[PDB]
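Single chain ahead, by itself, as structure tokens, in the form deposited in one PDB entry.
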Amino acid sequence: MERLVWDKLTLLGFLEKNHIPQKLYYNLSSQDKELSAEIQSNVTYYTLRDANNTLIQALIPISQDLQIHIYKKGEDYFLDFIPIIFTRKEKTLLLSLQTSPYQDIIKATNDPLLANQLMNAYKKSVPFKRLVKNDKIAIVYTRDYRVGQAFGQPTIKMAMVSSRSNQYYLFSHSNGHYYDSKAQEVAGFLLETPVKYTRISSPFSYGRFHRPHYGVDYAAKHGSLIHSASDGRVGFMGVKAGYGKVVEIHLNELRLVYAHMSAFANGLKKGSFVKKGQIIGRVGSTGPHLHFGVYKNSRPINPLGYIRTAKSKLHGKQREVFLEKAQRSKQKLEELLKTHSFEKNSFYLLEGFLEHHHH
């Protein structure tokens, strides 16, 4: 297949451009239409054409693990939402600061995405802002690959920065949030419910085997006020097929989506800075509901996990398992730092983490 980069088309625009009957979109359920609205610009997608240059297949990612599959069978086109098959690689970055955290990470990885994730993860960290030459930064992270090619964003499993001989750790969890070594949340966001809803008509779902919905649908009256769940900056504001009128707001590594609006607030525009609690529009059905979506580092995440008044902590068996892994991870990081000298090199980018050792 040809590997290409998505630019500005909608699904419908893509169908039109390639002479695929547009009913393939119009016939979708409203849930599938919402799903189809999340094709991001710059995603890598795949196409296959026949001798006539007719589009006979396409694979278009809508998340890190779901994609649209369009294919011609006999005389007709079909559209499925299917899993993405991928390979995951783990690396360990070990770094002695030479210039700035950001520049050094780029030097060692050539990856702005990872560098931005670290800055964001430590955004409120006082020791982080006070890092100086020869302070240490370690990151254990994974990246996902499709036929050899990385896609989406990396995932930080563990990070550590040292300042004045003290080490400041954070760890990911399968729930998508970061935790310190006492299993309490760090680098969180306190989001507020953005509308007065009558009920949640459809919660967030990965749709995973034991259905995918990448937001929360809040049933509300047409015209109900919609308030920003957070501070941030408006990125997009307008109409997207499947979402109707929508506002997107960015804050650190979050993108927050508010869809199906009947109207935007007067004077709101692309680039507007907004405050948590500020009115950004009104509920519509462009019956009525607000679709509220949250994306961390490009990946959809359950918004409800961040609507809380306090910082989260892990509990029960989740806490036990976490702390066990955290201890093992900390011990292993020390061993790796002992066995890779910053006299020889300012950084090391190592294959794997727990299994990494020499002979």
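A residue's number is simply how far along the shown sequence it sits, counting from 1. In this text, the rigid core denotes the largest set of C-alpha atoms whose superposition between the two forms falls within 1.5 Å.
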| property | result |
| --- | --- |
| Residues with no coordinates between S202 and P203, taken from the deposited sequence as a class | none |
| Missing from the model but present in the deposited sequence, between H210 and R211 | 4 to 9 |
| Between the two ranges 161-169 and 211-219, the one averaging a larger CA B factor in the entry | 161-169 |
| Selected stretch [higher average CA B-factor]: 150-158 or 118-126 | 118-126 |
| Residue, from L268, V140, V257, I82, that the PDB entry assigns the highest Cα B-factor | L268 |
| Most elevated Cα B-factor in the entry, residues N53, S298, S36, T47 | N53 |
| Within-chain third of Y25 by Cα B-factor, per the entry | lowest |
| CA B-factor placement of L225, once the chain's modelled residues are sorted into thirds | lowest |
| Ranked against its chain, the third holding the CA B-factor of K332 | middle |
| Chain third (lowest, middle, highest) by recorded CA B-factor, residue given as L9 | highest |
| Record-listed C-alpha B factor of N252: chain third | lowest |
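In what follows, reference is made to the form deposited in another entry, a form of this protein that is not presented.
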{"item": "Position with Cα shift of 2 Å or more, rigid core superposed between the shown form and the other one, options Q149, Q103, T193, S201", "value": "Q103"}
{"item": "Core-aligned CA displacement of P127 at least 2 Å between the shown form and the other one", "value": "yes"}
{"item": "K275 C-alpha moves between the shown form and the other one by 2 Å or more, core aligned", "value": "no"}
{"item": "CA of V43, rigid core aligned, shift of 2 Å or more between the shown form and the other one", "value": "no"}
{"item": "Inter-Cα distance between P127 and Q117 in the other form, nearer or further [3 Å or more]", "value": "closer"}
